[PDB]
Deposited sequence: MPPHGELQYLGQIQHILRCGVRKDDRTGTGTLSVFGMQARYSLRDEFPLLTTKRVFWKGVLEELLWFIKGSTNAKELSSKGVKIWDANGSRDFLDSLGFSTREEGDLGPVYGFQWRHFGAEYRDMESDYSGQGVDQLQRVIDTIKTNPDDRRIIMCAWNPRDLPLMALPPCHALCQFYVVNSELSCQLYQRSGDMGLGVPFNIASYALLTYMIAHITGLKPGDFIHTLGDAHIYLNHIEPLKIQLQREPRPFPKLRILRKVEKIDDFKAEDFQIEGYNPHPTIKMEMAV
């Protein structure tokens, strides 16, 4: 039977290890990859190593809120953007004026206020720029056949203001047979560390939008540009490739929610998540 689920991911690791080139403290890398994760009665949270579910869910709610304030995610116990908002790191980018935690116009601002003028992370941007996220939901409801259902985080004008240029440049949604699918264009993928988190994020987003629009989840298609393994991750990845995948968990949404801004972390339960030990890399 053809490789499905987790074996797509593990297949991509294997391909990089065998066919990737040394491109540099260093990586093995392949340009252009594509995996398909079914979302039908399962949720692609990897089992060969524990994924930081809690980080996935809080990061996403933080984006949905429009927030560009690393402290606002750090308050929920998720520190993954904290280094990017530090005094020293902001100072190194020429942003000595800026308050600690102001990442600039990253995902949350691009998703809700694309094209508005960024001031700081505290400003009110109500009704300013394009609310791409709501515009996606509306189009799914009133014209599911549309082929322009896109949300774009890549904004060349705003790049120089951002703490980090986005890895997730864009996503597109698609509907047929009452199933909502999503494809992510990810320009750069650290396969050991980032990508399992990244798959879970966009699968989570697709579950959320499906729920709001009365559709069932379909596929998550993960497209990569620069797909790489850091050289220090090879040996641990070699341990991991030999573990037997367990079946994917399910994601249960615990109440009927009408607008995407109303989702809360306690609305979500991951069922039957049975991962092998977090055996992870630098």
Legend entry - Missing CA stretches, deposited numbering from 1, N-terminus first: 25-28, 287-289
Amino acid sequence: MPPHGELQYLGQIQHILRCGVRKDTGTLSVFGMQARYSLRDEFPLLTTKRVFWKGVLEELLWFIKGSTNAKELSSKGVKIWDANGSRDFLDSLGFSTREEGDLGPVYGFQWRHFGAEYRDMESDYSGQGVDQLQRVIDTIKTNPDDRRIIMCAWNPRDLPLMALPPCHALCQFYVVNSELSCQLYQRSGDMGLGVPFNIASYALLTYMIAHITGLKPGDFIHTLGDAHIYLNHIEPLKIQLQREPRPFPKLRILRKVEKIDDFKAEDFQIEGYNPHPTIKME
From here on, numbers count along this sequence of modelled residues.
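Between two forms, the rigid core is defined as the largest C-alpha subset superposing within 1.5 Å.
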Legend entry - Greatest C-alpha divergence in 5 other deposited structures of this protein once each structure is fitted on the rigid core, 156-164 or 115-123: 156-164
Inset, instruction - Determine, for 65-73 and 210-218, which one has C-alphas that on average lie farther from this form in 5 other deposited structures of this protein; superpose on the rigid core first. - result: 65-73
Inset, instruction - Note whether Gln186 lacks coordinates in a third or more of the other compared entries that model its flanking residues. - result: no
Legend entry - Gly104 dropped from a third or more of the other entries of this protein: no
Legend entry - Stretch with the greater mean C-alpha B-factor as recorded in the entry, comparing 269-277 against 6-14: 269-277
Inset, instruction - Could you settle it for me: does 178-186 or 88-96 have the higher average Cα B factor in the PDB entry? - result: 88-96
Legend entry - Most elevated Cα B-factor in the entry, residues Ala70, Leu254, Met33, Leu57: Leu254
Legend entry - Criterion, highest CA B-factor; candidates, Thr223, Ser38, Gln242, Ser29: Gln242
Inset, instruction - Rank-wise, by C-alpha B-factor, drop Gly194 into the lowest, middle or highest third of its chain. - result: middle
Inset, instruction - Pull the Cα B-factor of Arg112 out of the PDB entry and bin it into the chain's lowest, middle or highest third. - result: lowest
Legend entry - For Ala227, the third of its chain into which the C-alpha B factor falls: lowest
Inset, instruction - Please rank the C-alpha B-factors of the chain's modelled residues and tell me whether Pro105 sits in the lowest, middle or highest third. - result: lowest
Legend entry - CA B-factor placement of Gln132, once the chain's modelled residues are sorted into thirds: lowest
